[PDB]
Structures are given as C-alpha cells and as structure tokens.
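In what follows, a single structure is set out as structure tokens and then discussed.
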Amino acid sequence: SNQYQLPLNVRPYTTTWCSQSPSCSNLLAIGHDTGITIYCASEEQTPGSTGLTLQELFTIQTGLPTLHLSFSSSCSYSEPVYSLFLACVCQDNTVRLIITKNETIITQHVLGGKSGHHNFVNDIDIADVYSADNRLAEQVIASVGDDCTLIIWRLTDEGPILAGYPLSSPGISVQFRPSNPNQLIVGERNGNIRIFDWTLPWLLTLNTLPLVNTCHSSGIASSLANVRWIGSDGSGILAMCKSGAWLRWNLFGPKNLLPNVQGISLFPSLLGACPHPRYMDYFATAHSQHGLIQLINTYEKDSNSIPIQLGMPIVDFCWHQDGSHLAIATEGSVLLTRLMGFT
Amino acid sequence: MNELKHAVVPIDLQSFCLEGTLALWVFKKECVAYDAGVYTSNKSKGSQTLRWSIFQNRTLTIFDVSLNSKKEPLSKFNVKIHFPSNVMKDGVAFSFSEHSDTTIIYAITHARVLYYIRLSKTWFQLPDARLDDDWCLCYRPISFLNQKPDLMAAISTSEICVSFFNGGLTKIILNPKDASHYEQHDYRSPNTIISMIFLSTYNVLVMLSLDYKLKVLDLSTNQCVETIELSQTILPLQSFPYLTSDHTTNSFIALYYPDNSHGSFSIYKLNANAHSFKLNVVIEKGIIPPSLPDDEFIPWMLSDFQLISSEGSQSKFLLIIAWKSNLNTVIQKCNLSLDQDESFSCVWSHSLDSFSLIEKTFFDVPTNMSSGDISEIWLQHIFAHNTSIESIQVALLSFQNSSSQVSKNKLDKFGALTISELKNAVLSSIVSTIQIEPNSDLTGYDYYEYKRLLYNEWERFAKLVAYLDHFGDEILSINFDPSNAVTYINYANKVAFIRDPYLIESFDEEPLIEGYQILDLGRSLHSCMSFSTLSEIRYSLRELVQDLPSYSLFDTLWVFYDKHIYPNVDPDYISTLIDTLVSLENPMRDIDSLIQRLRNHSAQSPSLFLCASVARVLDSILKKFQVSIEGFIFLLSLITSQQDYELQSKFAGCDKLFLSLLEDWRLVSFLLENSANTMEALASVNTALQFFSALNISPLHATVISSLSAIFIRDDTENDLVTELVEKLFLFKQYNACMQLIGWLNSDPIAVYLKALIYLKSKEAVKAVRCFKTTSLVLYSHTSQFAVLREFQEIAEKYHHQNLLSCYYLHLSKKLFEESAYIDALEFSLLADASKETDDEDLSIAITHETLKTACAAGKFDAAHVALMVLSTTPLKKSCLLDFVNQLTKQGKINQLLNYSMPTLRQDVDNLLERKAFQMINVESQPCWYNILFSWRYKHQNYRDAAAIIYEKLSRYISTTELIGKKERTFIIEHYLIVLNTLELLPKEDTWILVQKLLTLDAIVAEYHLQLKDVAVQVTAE
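So the sequences go chain by chain: A and B. Going left to right, the first sequence walks through residues 5 to 83, 96 to 216, 232 to 283, 299 to 389 as the authors' numbering numbers them. Going left to right, the second sequence walks through residues 1 to 26, 50 to 208, 230 to 555, 570 to 657, 663 to 739, 758 to 777, 787 to 1085, 1100 to 1126 as the authors' numbering numbers them.
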C-alpha cells in the first residue's frame, strides 16, 4: 500500500476513478468541503509490489461540499491542459455540471430549487449520448433523491431538457447501462429496482426485499444500499443491501423465474458494492465504520477474502480501471493499494 | 329502519397482539375442511375478565379478548387444546364457569366422554410455557353410551347438569379424586328438551321440552318446581340443529317460537317472582314482529339471540338477534320502550353483510411509479383488505405444491407461522411459477406477456382467497357481557363487533335545509374518476404535504382543476354542475358552518381495544379520505372558469377553510399510511396502535371519539399530531418506518430535530447534520415536548441559565458522540465554543472540554493539541490532557505527536510526559520499548536525567520476566552500553532511583563480565 495525504483541512466525501473515459482514466477526483481535487496515477519504477504511485495534480475550488462525483466521457487531455466535465451534488441541494480547463471552472450549470429536487439528493450519474452523425448531441445526467423523484437532465444542442418522474420511495442510486445509454437503472430505498428506457411504462422492476434467502434472516430493516450493472455490455445487475446481503441477475436466452445467484457479505455495506471493471463475478464492499474491505466472488470462489483492513473508517473507495489497484478515500487521506493476485 | 355496522377482527392481527401460542393435549378437500369452527362460544363473568373459545375438527381453541383495566389485562397468549377426537359433530359440549381467579371449562368429545379443565388467569397473562398442576380431570358420570347427550348446562364450579335425547336430566358433581351423581332420568322422546337455560337468584333453571312444556327447575330439589303448557301443534314440526331457544337479561328471562313459515317469532319475557313457599312464574308479553328482507326461499335461521335490559331503569329492553342463511348472515336488534303501555313500542335496527369485489378493475393499470411495479401493489391490496387470514396461507402452499399432496405439505403449512417472512414467501412462490417468454427480437423479453400473466395470476389467487372466505366467513352465536356491557358477536374464525352508524357512514351510503344534495351528487362525481387518476392525485397531494407551503397559496387553486381536465370530465358534466352552482343561494356561510358542526384519561388498556379500533378507524379514515377529497375536487371544479366573477367577492370566498381542509387531509392520509401498563400495550407488535394507546356508553366508542376529536382539532392543539406521534413513538421502535414517515411529515422545529435524530439512527450522517445545521432551539425549557426536551433542558440548566445558542451546539456535540462519529463532533463542538454570548466561566469551561474530547476522538490536525494546552494553562484540568493525549498516542504517531508536545509548554509537557512515562512502565507493553525511547528523547529535551533511571527500571523488568540466557544476555549487554552512554552524556550531576549511580554501575559492569565468562565457558564446552 502507498498512502497519499489530502490537504489538512480537506474532509473527503466521495472518491471515483475516471474509468468512464479512457483518455483520462488515470484521473482521480475527491469531492470535499470546498471542491473537487484531481490526482494522477503513474507507474513509477517503485518496487513492482505497488508499481503505481499517486501524483496530486491540482485542486478545483468550488466553495461548498461535494458529496457525489462522476466523470463523463467528454474528458480529454492536451499539451499541458486537462479538459474536464464533472457531475456532482452540493450543500444547497442542487445538482450541478461543472466544465473546466484544469483547476479553473470555465463553465457551470446548476439545477436546483423547486425545479430541482425537493429533498436530499442521494445519487447522480452521467453519460454522453451521440447522434447518428456522431457529433456530441447530448450529455445526460440522471439523479435520485428523497423527494420520491428521479430526474433526467439532458443538455442538448438547442439547450437543456428537463424531466421528472415519480418514485414509490426515495431514490438511493442510479446508473446508466454499459454499452446501452438508452437504458438505465434506478434504485429505491425500499428495495425496488427499476430498468428504464428514457428515450420512450418503464420496462422492468425487480425487488430484493422478498428474495432474502432467510436461511439466515437478513433482519427487519434491510434497506437497499446499492444496485449496479456488471459487464461491458451491461449484461448483469447486482444489488446489495445495507445488511450485506447481495443478489445477482443476468440479462442475455430462455425464460427466467428467480435471481441467478445470492449471498451475504461478512459485514454491513453502508456504501454498497463496487463491482470489478474486469471480473464480473467480483465486487468489493466495505465495513466503512471499522475500515475493513471484503472482496466477494459471486460464484463462491471467494471463501471470505478480506485484502484490506485499515485501523480507521473508510469514507469511500473505487477500483482503478486496471483491476489490480484500489483507491480508497478515508477521512483524511487516499490510499492506493495493489492486490498481487489481480495483476 | 336504522342501520347497524360490523367490525371485523383478523385472526392474524390477534396473533400479532398475542405473542405466543401454546398447545395442550389431554388437496381442496383438506383445505376446505381445514378450518371452520363447528360452533362458537364466548363467556365472561361478573368479576373481571373475558375470553373466546373457537371450535374445530378434532381441535379446541381459546384466547383472550377482554376490554379491562388491571395490572396485566393486556399481555396475552393464544391457547390450543388438542383433543383425541372432535368437539362433537354437534352444538353441544360447551360450558364455562369460574369460581375464584380461575377458569373452569366443561366439554364433551365426539363419542362418549366429558372433560373438566381448570386454567389460571395468571396462566393467560404469562408468556410462560410451564404449568405445574393437574389442570384437568376427564370423567364419565352417567352412561352416555346408553344415553347420548344433546344439551349440556352449567350450574356451579363443582356441579353441572346434562340433558339427553331420551329426555332425562342428570346432574354431575366432580371434586378432586371424586365424583357423585344425580338424575331425573326420526328418533324422538316426548320429554326431551330442546334448549335449557340458566339464571340464578341462587339456583334456578328454565326448560322447554319436546312435549313443548315449560318446565322450571329448582337445583336443590332436583325436581321440577313449575310447569306451564304452551299449546302449538305446527310448532314442534319445526326442528332446529343447535340454536338457543331461550336467553336472558338478569332476573327475568325471554324465549320465542318462530311459528314456522310465517317467521313471526316472538318475545315471551317471563318474570319469575320467587316466593318463600315456592318460586312463582308470570309471563307478561305476547309476540314481536319480524323484518321482511329475507326471502326468495332463502332460509332465515335463528342462530342465537341474547336479551339484555337496561338495569338503570325499566324504560327500555333490548334483544339482539342473529340470523344466517348459508354463509350469508343478517343481524338485527329490537329495542322496546315501554312503561304503562300494553302497546308495542319497538325501534328496530338493521344490518347488511355483503361482498363488493374491488378486484377486477384496479388490476389493469400499474403504469405509474407513484405505486410502481406490479406484484407489490397486489400484495398491498391483500393487506388493504386486512380481514382474511389462514385462507391465504392455504392458497399459497396449495399453489406451491405443483400437483403435490397435502398430508406432508399440511405440516409445512402449519410450520410457517411468522408473518413478515410470509409475504416474501408469497412473492418467491409467485415468480417461480410464471415463465417469462422472450420477445424474440434480439435477446430481449416480452414484458407485455408478463403483463397479462401476472395480472390474471394474482387475480386467480385472490379469487381463490375470496373463495376461502366465501367458505370460511360464517356466523354462529352472540354473547353479551355485563362487565363491559357491549354488543359482542361471534363469526367463525373472525371475531367482530356491532356498532351504530357514524355521520360519515350515513352520508357515504349516498341515501334552513340545503347543501346535502351537493355532497351526495358530488360523491357520485368523485366515484366517477379512475384508479390511475386517484394514483396521480395521491402522489400529487403527497407532494403537497411539505413543499406546498412554499408557493403562493391561492393561485394553485385553478391549477388543480387544470390537473382535473386530464380525466374524462365532459364539459357537459361540468356545465351541468355549473348551472347548479350559480343557482346556489349562499354556499360558503352554510357549508362552513354545517360541516364545522361535524366535530381522555386512561387505565391500563388491553389489546382487542387497539386492534379492533385500528380496523374500524381504518374504515372511518378511508371513507373520510373519500369525503374530504370529494370536498376539494368540488371546491376547485367550481371555482375554475369565470375567474374574474370568482374574485368579484359576491361569493364569500373560501381559501382559508380550504387551507384548513388540506391540513385535515394531510393528517388523515398520514393515518391512512400509518395503519401499514400502556407501555406494554406499546410493547405489542401491530402498527398504528401506539396512537390508540396514546388516546384511550361503551368504552370503545368514547376512546375512539377521543382520537378522532384529537384529529379534528387544528389550531387549539397548536401542534401537528404527526409530529407528536413520531415524537413519542420513535422513542420506542419503528425507527425505520418513520424514515419515509419523517420524509413525509411536515417541516417543523420538532420535525427538524427528529429528522436529525432519525437520519442519525440510520447513520446517514450527512443529511442529519444538514438538518441539525439549518435550525436551532428556542423551544428549549418548554417541557411540553416529551422525553427529548429534557436533555437539552438539563444541559441549559447545567449552565445555571438559558444561553441562546452555544448550549444547543454542545448538546449536538455530545449527541455526535452518541453516534460514535467523531468528526461532526469536531464541527459542532467548535460552533459551541464560539457562539457563546453569555460569558459564563462554567459554561465556557464545559464547552472547551467537550471540544477537547471531540478533537481527541478525531486527532487529526495539530491544533487539537493547543486546545489541550488552553485547558492545561487555564486550570488544573490537566487530567483531561492525560487521557486525551493518551487517546492521541492511541491514534499513535510519535514523530508528530512529540513535535506537538513541542509547542506545548515545557511545564505542562514535563507533567504530561512524566505521567505518560509512569503509565508506560506500568503498562509493561512490548511497544513500550518505543515508549521508553521516546520519553528518553523528551528527557534529552529537559535535564536528561530520568531517562537513565527508567532504563534501569526497564532492565530490571526484562530480567525478572524470564531467563532463557542466550539472547537475553546480549540484550542486557546492549542495556549496559545504553546506560554507559547516558552517563557519559551526563557526567557531573547525579540521579536517583526509587523502587544511585556510578558505583551500582561498576556492579552491573561486573554482571556483564560474568556473563561474558559464562559464554566463553559454553564455547569451550562445544
């Protein structure tokens, strides 16, 4: 493990790799109480133990807390100059898209007030949509909140298009489908899981609550932590409960009648699962409060693998695109740790 | 005629409010015959308690439904008494009498035996499985083989009589290890009795025989005291199974004869004037007419009747009568108000039991995500019904069979029991049955087939459900209770209650005098709307709870009608009503008044209270949602077009009372959602209860009146009942449901701090913290808030005053400790330290200290070190720095923490690090060696003395532990060298060891040399 300190007065809230855009996949953003900081990951000589070190590049000042953070495919590099596009959520309950050239915010769009969410925003994600001619036609941001609303915010050539959709319960996560921006997934706090075609009722709703194996009772309150697609065509769906209970469904052949596989993490997962970018069957989950991280294999290859235990709480974490490195933001730092097995 | 209404009690909600269920000993075919209740019987006595018995094929059952006020008339459990054979194929077998704080029950099995069981009241209250007595004695008094019984009748705890088909009446006396017996000993026997009855002045019975003679019996003599001849020939031609031919009020008694097809019946309430010579008989009244709705050859059948008069004064008498034809039932009560009149003054009340299928249409549209997906909605329909129980279970594990048998699957049915998981099992069974066929486009699937598949699936299911309650829902008897004075009722496997119509009901029936037609016609208008329509409306109004007060209040008025144009709403209908509106004389001044006209200390309350009241008030609240929504829908369907003429102010206007009504709706629907010692009443599982317990003529009616009234009241309470609710209830349980519930509840200071604590309990720190932030406290020192103000108040008083703000922030710092999340505590404790406008010594001190803790829980940034120093420099609160800095080195970075001991003042550091030193020799640790080296560094900062001393102490310890020689010796070498060097570093001055110097050191050098020699010896041996 190598450890890189965040500035002394910087409290991290969120950590994400720029896996969404290959030109910028070595860019790391930390949303904190005064903005979003960008780091670069480089192969040093090091020892080929952790043959990867972190270089802090710069800090984008915003003046208020950043709670969720997503890079877009529009990110680019030039010589040098970084052209960034970031979706995030701020203390004023607004959802924003910030477009920068390095640390300087050259452009900013803000969706808030009554036109925005009418309660706390719980999650956000972003994808670039191109026309048939293949110019940038739209950038699309999806967000979910405690106002029982899902918001699709499309920024198009002739300007913004806003749409709201009602939910049976607070939205706790949302993510567009890989290799198919026409589809996306929305998570409700109550265990409902929506598959949605925004170009169009919405196509499908699964639910983890009634499926709990109950060989070991998952408890009275098993609030849904997370749902994410897996695979590079978005061939699968993985859902994780706060309790640690997880379930996986695949989407291809024949007729289907239950979720394909199911299990339970050793610990609660407040932050939810972070699926491996290269190995579908694998995902990571943290015991954020004691600072341990379990690695789970869906086809039970795993047998309780806990590669990571810190002596401190974990605020957030995410896979580097290479699949062997992990970046983890803790309350005062970010660690890059390399698991030798995944190399 | 007047109407009556029913109140149904689901057996599963009983099982909810009854924690445990003990059992004592002493496909479609099996499903149908699974449950029934061959008969039903409920008793209760003069003294205190109440319970119902339920009958079953080869089984006997009993549970506690009493509405009392004792120490523990609330903690209850359901009892299953298994039998060798069923409780007879007939009405008989049943007796219940007590004695003293215990329940004695007499029974008769199917072929030829009696049963005597004595169960303790305590046994009912306790959760306990165990019983340490002989609760029962089975016995055979007379030869039943010879004479089969037909009627059993209780008289005393020791004694109980029996009636035989032959017509003889035996009496039976049992006693522990004892039994003595007495007699006056299609197949018929012209002295058989049809139905016996018992009332005591002391010991007198009343009988009606096959001979159709009215025999009156004295228990002492065991001979017939009186006889009257009632002469009807076409009467015994009519014979009824079970049925009670006679019943009773107090001293007097009544019975009646149907007179066959006429269905005339009667009331022959006999008055028994007991004289010293002999007990005298005086019957005083002829015949009572019937109602005439039962017809079409539909067999009316007298199930059971009970006569109860007002003991207050002979002004009225009331007879409750129950009729049934097939599964269907009719219930009515006749009230007779007489005093001198030989005339017949009888009010009559009528009742209807019917089936309305709310099924078929609500199925089609599940398109909106207001209540999304599909299945969840149907399950929520089955839960919305909330009145049918084990039928569901049966259907579920009948469908899961896949052409499997019953005998093993039946045990699997019994097995499930637990309710929360049941629902999960329901859905799991459902998805595993409906194959999803793909669209065959490109690895895609046809949801449009899943559509019909699912709809008609759950449709068929719930249709079999309704069929297992078009086979189960059945009535059999009625039994009145003196202690409670209530209109009890017995349906098979579904206890229920009788109640008078409420105003909302009478006006939901759609049956100086104006305005009412608007209400009924309007009700029709509301009923016109679709289901998805009301979905949109409910979601929208759900959005009108919190956010609504933010917009300008009175422009949204026309906007709602602008939302009303989307449904059908033919302009023909519109104008048709508009014409009515313009013809109104003066709407507002009448409406507001006449509707305003529509408008609490507790003993320890039981559970039937809470659940029966739950179901009934759920009914009342849903019909209410109906009536108010009606009101609104109209209110803006009127004031839509002709806007300028609306603002002409020719009409009185209505926006204000409009607002009031929306408040009302918020509360009511808040409740509509909510149904989805007294402290032990709160200790029972079901929801919405806590409310009824919070708000405790029949007792039920008044104590519900208290609730609904507390809902109506708006500005007088000056508090939202929702906030009140969640305030106390959060306290107990349901921390998770009050999440959506607090996300729903209207924004208030109270509501804010609760949002905080709840989003805290969920450990979603962030938003809880934003809640904490965006508000403060001026509410403090009010005490009206329950068991939560008191903390903040104690804290405010701890500063001998009432400081404006800093105190709150302090409280927030400690609360942040309770969350174990220490960083947000760093935040708030800051805010506390700062905003203090009072300049109290004590307060500032306390605040600075908690800040010290929060910082030390975080460690982190260096300043939390000079916070320490502030505290060390201020008074002798150095001990804080002790434990605190200890925790900091328990984070554990010496290279930094010692450099932080650097800006700390050397006096305070000398103190602190000497203490740490002492703790480190004490601790005997393995990383204590490090600790020792670091203290040494620190000593090098100082006079550089002690360090050496400590080295010696350490050396002593390492040695004392063990002796392996080997390496240990070389360690000691190293230690000798260390001391030597510390000494060379400290040549002149001199140091001192409690518990010397250069000389003892020459000695330790000697030890060294010794060990050297020893080693060399070892090397010459090898």
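Virtual Cβ for every residue (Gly too), placed ideally from N, Cα, C.
**Request:** Consider the Cβ of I251/A: report whether some Cβ of chain B lies at a distance smaller than 9 Å.
**Result:** yes
**Asked** Which residue or residues does DSSP assign as beta-bridge partners of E854/B?
**Response** Paired residue(s): none; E854/B is not in a bridge.
**Request:** On the DSSP bridge assignment, give the partners of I352/B in chain order.
**Result:** For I352/B, which the question treats as bridged, DSSP gives the partners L362/B.
**Message:** In the DSSP output, which residue or residues are listed as bridge partners for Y162/B?
**Reply:** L137/B
**Message:** I'd like the list of long-range same chain contacts for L237/A, defined as Cβ closer than 6 Å, with 5 residues on each side in sequence excluded.
**Reply:** Correct list, in chain order: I209.
**Request:** Please classify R279/A: does DSSP put it in a helix, a strand, or coil?
**Result:** strand
**Request:** Tell me whether the beta-carbon of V960/B lies closer than 9 Å to the beta-carbon of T938/B.
**Result:** yes
**Asked** Around the C-beta of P607/B, are 16 or more other C-beta atoms found within 10 angstroms, so that it is buried, or is it exposed?
**Response** exposed
**Request:** Kindly indicate which three-state DSSP category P26/A falls into: helix, strand or coil?
**Result:** helix
**Request:** Let me know the secondary structure DSSP gives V690/B once reduced to three states.
**Result:** Note: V690/B maps to helix in three-state DSSP.
**Asked** Taking just the CA atoms, how far does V361/A sit from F951/B?
**Response** 18 Å
**Request:** Work out the CA separation of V190/A and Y181/A for me, nearest whole Å.
**Result:** 13 Å
**Request:** Could you work out which residues of chain B lie near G378/A, taking near to mean beta carbons separated by less than 8 Å?
**Result:** For a Cβ distance threshold of 8 Å, residue set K950 of chain B lies close to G378/A, ordered along the chain.
**Request:** Give the straight-line distance between the Cα atoms of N206/A and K968/B, rounded to the nearest whole angstrom.
**Result:** 50 Å
**Asked** Hey, does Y491/B have any beta-carbon neighbour from chain A nearer than 9 Å?
**Response** yes
**Message:** With a threshold of 7 Å on Cβ separation, who are the neighbours of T123/A within its own chain once the five nearest residues in sequence on each side are excluded?
**Reply:** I115
**Prompt:** Alpha carbon to alpha carbon, what distance is there between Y849/B and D144/A?
**Reply:** 34 Å
**Prompt:** Can you give the Cα-Cα distance for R600/B and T165/A, rounded to whole angstroms?
**Reply:** 12 Å
**Request:** Identify which residue in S186/B, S181/B, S347/B and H622/B has its Cα closest to the Cα of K200/B.
**Result:** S181/B
**Prompt:** Quick one: what does DSSP say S189/A is sitting in, helix, strand or coil?
**Reply:** strand
**DSSP-derived helix/strand/coil call for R860/B** = helix
**Prompt:** Using the rule of at least 16 other Cβ atoms within 10 Å of the residue's Cβ for burial, across every protein chain shown, is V1109/B buried or exposed?
**Reply:** exposed
**Request:** Only counting runs of 3 or more residues, tell me where the beta strand (DSSP E) segments fall wholly within the region 252 to 276 of chain B, in order along the chain.
**Result:** 257 to 262 and 267 to 273
**Asked** Is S610/B helix, strand or coil when you go by DSSP?
**Response** coil
**Message:** Helix, strand or coil for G459/B? Go by DSSP, reduced to three states.
**Reply:** helix
**Asked** With DSSP run on the structure shown, which of helix, strand or coil describes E403/B?
**Response** In this structure, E403/B counts as coil in the three-state DSSP scheme.
**Message:** Tell me the residue span of the beta strand (DSSP E) that contains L380/B.
**Reply:** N372 to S381
**Asked** How would you call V248/B, buried or exposed, if buried means at least 16 neighbouring beta carbons within 10 angstroms?
**Response** buried
**Request:** May I ask which residues mark the beginning and end of the beta strand (DSSP E) holding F100/B?
**Result:** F100 to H105
**Item:** Buried versus exposed, by CB contacts within 10 Å (16 or more), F363/A
**Value:** buried
**Asked** When we look at the beta-carbon of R543/B and count the other beta-carbons within 10 Å, is it buried (16 or more) or exposed?
**Response** buried
**Prompt:** Out of curiosity, what's the CA-to-CA distance linking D648/B and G573/B?
**Reply:** 8 Å
**Request:** Determine which residues share a DSSP beta bridge with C106/A and list them.
**Result:** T70/A
**Request:** Run down chain A in chain order and give the residues with a C-beta less than 7 Å from the C-beta of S472/B.
**Result:** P241 and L242
**Request:** Please name the residue, chosen from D12/B, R804/B and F50/B, that lies closest to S464/B on a Cα-to-Cα basis.
**Result:** Of the candidates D12/B, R804/B and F50/B, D12/B places its Cα closest to the Cα of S464/B.
**Asked** Going by the beta-carbon positions, is the gap between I339/A and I310/A smaller than 9 Å?
**Response** No. Outside cutoff.
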